[PDB]
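1. take these chains first, placed just as they are in the complex:
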Amino acid sequence: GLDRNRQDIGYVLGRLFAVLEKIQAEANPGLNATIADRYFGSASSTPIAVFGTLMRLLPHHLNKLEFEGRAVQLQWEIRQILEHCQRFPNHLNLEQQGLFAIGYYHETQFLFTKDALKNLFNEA
Amino acid sequence: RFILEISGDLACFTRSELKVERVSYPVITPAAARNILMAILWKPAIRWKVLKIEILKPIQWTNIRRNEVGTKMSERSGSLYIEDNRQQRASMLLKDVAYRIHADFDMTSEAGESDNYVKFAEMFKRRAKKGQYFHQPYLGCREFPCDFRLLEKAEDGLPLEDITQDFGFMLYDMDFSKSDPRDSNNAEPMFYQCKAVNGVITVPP
Amino acid sequence: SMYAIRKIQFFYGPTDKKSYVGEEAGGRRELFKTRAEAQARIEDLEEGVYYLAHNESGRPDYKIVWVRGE
Amino acid sequence: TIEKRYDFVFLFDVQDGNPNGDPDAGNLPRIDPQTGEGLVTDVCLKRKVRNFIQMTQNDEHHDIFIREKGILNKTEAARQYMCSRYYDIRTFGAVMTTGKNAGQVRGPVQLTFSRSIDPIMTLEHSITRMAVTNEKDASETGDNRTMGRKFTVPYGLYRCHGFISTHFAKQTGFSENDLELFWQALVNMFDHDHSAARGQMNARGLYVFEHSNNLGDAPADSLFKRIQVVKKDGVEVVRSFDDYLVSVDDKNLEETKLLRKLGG
Amino acid sequence: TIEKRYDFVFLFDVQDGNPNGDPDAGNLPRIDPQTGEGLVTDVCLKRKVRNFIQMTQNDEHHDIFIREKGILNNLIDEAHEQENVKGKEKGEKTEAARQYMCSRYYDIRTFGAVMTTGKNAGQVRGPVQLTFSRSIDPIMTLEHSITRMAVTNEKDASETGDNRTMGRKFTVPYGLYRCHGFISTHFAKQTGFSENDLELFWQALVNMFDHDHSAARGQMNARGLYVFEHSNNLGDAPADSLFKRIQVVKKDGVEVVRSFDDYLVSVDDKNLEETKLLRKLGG
């Protein structure tokens, strides 16, 4: 399963990264390219470098997404997830670096599920 | 009569025919119980006699070795210098043993002045209660101290009444007769253990 | 006749003991007809790293021997 | 001369190194097969005592009669002289070639196998060296490759139980000053034993129970139970003395048995 | 021979690279399985001291029984056929051989030694035993990988892929190692370990590392040497207290140890007034 509010930095950052990746995926359907090899190595230690830079260009991907429902749902989801954080840390401890990966994979598993995000959005 | 229980971690009672490399008995030795009683209170006028022995927990082996010397020291010598003598030796130790005993005693020929049955019995009860002895009874070797609690009947784990295996003929004691004071020379009485169901019973001559 | 290998082992402290090859397992000591098989066998034992036991002095010595046919 | 029964409990630990390697299975530290804790046979302690005494006193009345070359290089009359000459022989006894009854001469002191508080784990370092042992085949072609497998343990603790029996001290003449010497010995028995194999072995705590009468008053089982040593709750892997707790109970013993704290 | 028993505590660190590599797992620096701290077996440090002596003296009375390539058994035999050893019979022959060898090789005099291979010449325990060394706080290993631009043999000018040549060179970023050492007076009297040789030994440990450099080791150096000097032949008190007097601990601020200034060393000398002397050398 996935903790809603584990609140340790690595987990939330991992969920954020997974969501961004899924956005990149649906934004460009005719593609296989993954931001994975692009930025896991960056994300482990110094997210302060990479996260904001990615955030710069999320809106373009979001708009290029064809279907409105997916876009607004993912928008609300990232609004929910970013609530926990308050400031991009510059360095991470070892357990933080690992838990970042655990969070990424839990988030990917949750997103790929068939209708969970739909239910949560419908609650909103 | 009297009923006592002994407990301890480790215990070996070496058969004769393997004395070179220790092969302990499965059960305790009827000869051994005599001396265990005598350890608490030795008088030169008391003759002990063991009647019933009860196992308590299932038998269990372990094995061990250590370094030994085999040269009895003599006056003409100065020392030993063990480096020139060592004979590694192995041992088959029983593990986690507690036993129950029913036994009594009678009087030797030299009854003496204070030959009161009652006073010996009373002081035996006293020493059993307070924990008094010449020396801590062994369990076949000085290094395995035992612990004895004077009880009436059925005050420990239920006895393991399970019918167990045979053991053939077994060591009984060592006669003192043909020896004067200080056991000049002795022979070896035997008996038949005959696999008592749970309570091994020592038959007198 | 039966060609085989004598095994010697030197321990610290001048003592040392002897035994053939092939006494490890249920099979008895192993027999080679030709000295060439024995030579190859010596070579392949010499090949690997040798892991000392306790109180062992140095690498063992093998010598070749033909035993009269059992 | 002593006239009262004595008991004591001894607590000692090994920092890093092997106390008593089994001479049956390589040289691994002895361990109880079905529980995971490591024995230390008494005879090792007795040997360390004999070595300490031989090394420290070096005069008459204090010879040992069971020596090790490394450190240095009608019947009743002879028996009494002999048991007056060697400290070891009158302390732990001996067995004569001939005498009263097969030569048995017991002596007061006794000891017991010293288990460990908690299950223990071993490490097997692999070890090598420069030069080949012998020119036999000379291992010239880089064949000096040989491995040694030296053993070690990370940390532990050890409980030992010891008795006396004054009646034997009677016929051996164990003077009380000898008993004081014995105490001092086991207190300082380790600073004069350092060898590569064992590593640092250290002595933690000594607790001495003394009775009032000759034959004693209270069965020693409770006397032992009074001292308790437990693992601290927090840690799951023991690494030092800090991880343990020692508790002493002097609430009832004060009747006729006195307690000391010589160890600490 | 020497007079007074000594004990001491020693503190050294590794800057970059592996201090000791397990021949069971590549060259991974030795590691405790549970606590995650690094281990440096004594024989390594002993070997380093032997090497320093080899470098520094080149004189008789200071040769070393163990060297880069020599037949031990030949050395024993050589020592065996000398006039004193020849004269005696077998029983005293071993002792004579011991005495000669102990006269010759400084190493055997200081540390232990074993010699029973050919013509047996006995065993010597040797005064200056020395313990393991541990690492204060768990360390991490950075598995580095490298490449060769040639190929060893002519078998393959070109590999199935590129030439494999993937070489690994492990390293460790930091960690303080401490060890504890003893010296015995009585055992010393047996082999004649004299005072001046102890002086040489102190000089050795103080300046031991600068003369051992290698590809894999990287920069090393030694920080602390604190010495407790007993007064009488027998002990003044158990050593454990003496060790516990000095201690090292992490400064509270950091959590990734990367230098000496991260750590803090404190020495206890208040109740010192006992006859034991504290002499400090490392600094």
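-> Perfect, I can see it now. Residues are numbered from 1 along each chain as shown, chains lettered A, B, ... in the order given.
2. over to residue A:44. Which of the three states is it?
-> Three-state assignment for residue A:44 (DSSP: H, G, I helix; E, B strand; the rest coil): helix.
3. make that residue D:14, sorry
-> strand.
4. the residue lying closest to it once chain neighbours are set aside: neighbour count?
-> Nearest residue to residue D:14, sequence neighbours excluded (CB to CB, 6 or more residues apart in numbering or on different chains): residue D:201, at 4.9 Å. Any C-beta I mention is one placed from the backbone N, CA and C, and that applies to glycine too. By the criterion of other CB atoms under 10 Å in any protein chain shown, residue D:201 has 21 neighbours.
5. now swap in residue A:94 and tell me
-> Neighbours around residue A:94, by other CB under 10 Å: 10.
6. so what's it up against?
-> Listed by CB atoms under 8 Å, 6 or more residues apart in numbering or on different chains, the contact partners of residue A:94 are residue E:140.
7. how near is it to residue E:140?
-> Going from residue A:94 to residue E:140 by CB to CB, to the nearest Å gives 8 Å.
8. re the thing from before, now do the host helix or strand of the residue nearest to residue D:14: which elements does it pack against?
-> Residue D:201 is part of strand D:200-210 when elements are defined by DSSP states H and E. If you count contacts as 3 or more CB pairs under 8 Å, 6 or more residues apart in numbering or on different chains; DSSP states H and E, strand D:200-210 packs onto strand D:6-16, helix D:176-187, strand D:258-260.
9. what packs against the second one?
-> Counting contacts by 3+ CB pairs under 8 Å, 6+ apart, the secondary-structure elements packed against helix D:176-187 are helix D:42-56, helix D:87-91, strand D:200-210.
10. tell me which of the ones you listed is the most buried.
-> Highest mean neighbour count of the helices and strands packed on helix D:176-187: helix D:87-91, a mean of 23 (counted as mean count of other CB atoms under 10 Å in any protein chain shown).
11. now do the helix or strand following that one: which elements does it pack against?
-> Per DSSP H and E, the first helix or strand lying C-terminal to helix D:87-91 is strand D:94-95. Strand D:94-95 sits against strand D:104-105, with contacts defined as 3+ CB pairs under 8 Å, 6+ apart.
12. helix, strand or coil for the closest residue to chain E within chain B?
-> Minimum separation of chain B from chain E (CB to the nearest CB) falls at residue B:83, amounting to 9.3 Å. Here residue B:83 is recorded as helix under three-state DSSP.
13. so what's it up against?
-> Here residue B:83 is in contact with D:68, D:69 (criterion: CB under 8 Å, 6+ apart).
14. so what touches stretch A:17-36?
-> Under CB under 8 Å, 6+ apart, the answer for stretch A:17-36 is A:39, A:43, A:51, A:54, A:58, A:61-62, A:64-65, A:70, A:74, A:77-78, A:81, A:100, A:103-105, A:107-108, A:111-112.
15. include chain F as well:
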Amino acid sequence: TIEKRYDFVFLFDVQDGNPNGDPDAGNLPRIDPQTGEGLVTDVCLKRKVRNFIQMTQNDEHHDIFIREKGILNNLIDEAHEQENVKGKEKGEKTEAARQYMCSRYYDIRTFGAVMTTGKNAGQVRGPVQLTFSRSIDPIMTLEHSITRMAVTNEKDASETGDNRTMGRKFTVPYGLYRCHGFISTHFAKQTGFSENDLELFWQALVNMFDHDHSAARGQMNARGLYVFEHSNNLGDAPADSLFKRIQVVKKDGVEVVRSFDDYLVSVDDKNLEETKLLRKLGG
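-> Adding chain F to what we have so far:
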């Protein structure tokens, strides 16, 4: 042979290029995960030395053992047919091989080498050693993406948007790097390392990088080279009391560093002049 003993510190920076890339992690620069600092494995800088010599000397008595494409066993065997064809009878035949090799190939005479593959020819530790070198302050890698006009093969015959696969290039905006080097003497006496070789070596260090420019590296330089010179074969003073006298510090004003003007270099020469010497080479 050199009659002194040298210890030195080295300071070099990188401007816009990957200094040496993980053979596994794609090609991204080698960084310290916990502290986020840079790494430059020694073998890289040493290999640059060897390339410099290859270009400069090109005769005999300065040939280099490792080449762009060669067979090592061939080089060993070729040495095995020198004059000492068998006259040393396998006892020092290997030793003769060592002497000949060290007679020719300056690489082996200076840095260590291993020649025991075929007909084993020996081992040399090497009078000169170098440490890993790492970054003063953290660095941040700027990944890129670039594109090639035409397709390599016909397997991806069709050309689409996802086609023309980009591939990447990595860079580092700035940095600075500290290197620590040691020179032995007693090891030098074995392989005849000579003073002239040392002079060549200093010129190799100061002028290494100009003669090595690739696509990836971009500009690199040499900011400083300081040499501390012992006065005895014996180590006069330990290493650290030397090295701490050359302290380089981030200036206060800037939070993000971009060029050498930011950093500050301090050389301390309080009293080491009495025996030790300090010579300035970098500037």
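16. once more on the contacts of residue A:94, this time with chain F?
-> E:140, F:34.
17. which bits of chain B sit near chain D?
-> B:9-10, B:62-67, B:72-75, B:79-83, B:88, B:90, B:127, B:130-136, B:142-145, B:147, B:149, B:182-183 (CB under 8 Å from any CB of the partner chain).
18. just the buried ones from those residues?
-> B:9-10, B:64-66, B:73, B:80, B:82, B:127, B:131-136, B:142-145, B:147, B:149 (16 or more other CB atoms under 10 Å in any protein chain shown).
19. nearest residue to the one residue in chain C that gets nearest to chain F other than its sequence neighbours?
-> Going by CB to the nearest CB, chain F is nearest to residue C:49 of chain C, at 15.7 Å. Using CB to CB, 6+ apart and skipping residues adjacent in sequence, the residue nearest residue C:49 is residue D:145, 4.6 Å away.
20. so how far is chain E from the closest residue to residue D:203 other than its chain neighbours?
-> Excluding the flanking residues, the one nearest residue D:203 by CB to CB, 6+ apart is residue D:12, at 4.4 Å. Between residue D:12 and chain E the computed distance is 11 Å (CB to the nearest CB, to the nearest Å).
21. and the gap between residue D:12 and chain C?
-> Residue D:12 is 26 Å from chain C, by CB to the nearest CB.
22. repeat that for residue D:101.
-> 38 Å.
23. burial check on that residue, number of neighbours?
-> 13.
24. looking at it, it is touching residue B:186, isn't it?
-> No - assessed by CB atoms under 8 Å, residue D:101 is found out of contact with residue B:186, at 10.0 Å.
25. what parts of chain A come near chain F?
-> Checking chain A against chain F by CB under 8 Å from any CB, the hits are A:30-33, A:37-38, A:41-42, A:44-46, A:49, A:91, A:94, A:97.
26. can you do 10 Å?
-> Within chain A, the positions adjacent to chain F are A:28, A:30-33, A:37-39, A:41-42, A:44-46, A:48-50, A:90-94, A:97 by CB under 10 Å from any CB of the partner chain.
27. for these, which ChimeraX command selects only the ones that are buried?
-> Here is the ChimeraX command that selects the buried residues among the residues of chain A next to chain F (16+ other CB under 10 Å):
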select /A:38,39,41,42,44,45,46,49,50,91,92,97
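28. list the buried ones in the lengthiest helix in chain B?
-> Secondary structure of chain B read by DSSP state H shows that its longest helix is helix B:117-130. Neighbour counts using 16+ other CB under 10 Å place B:120, B:124, B:127, B:128 of helix B:117-130 among the buried residues.
29. the strands in chain A, which residues?
-> Along chain A, no segments are classed as strands by DSSP state E.
30. which residues touch residue D:54?
-> Counting by CB atoms under 10 Å, 6 or more residues apart in numbering or on different chains, residue D:54 touches D:62, D:63, D:64, D:65, D:66, D:67, D:68, D:71, D:72, D:87, D:88, E:186.
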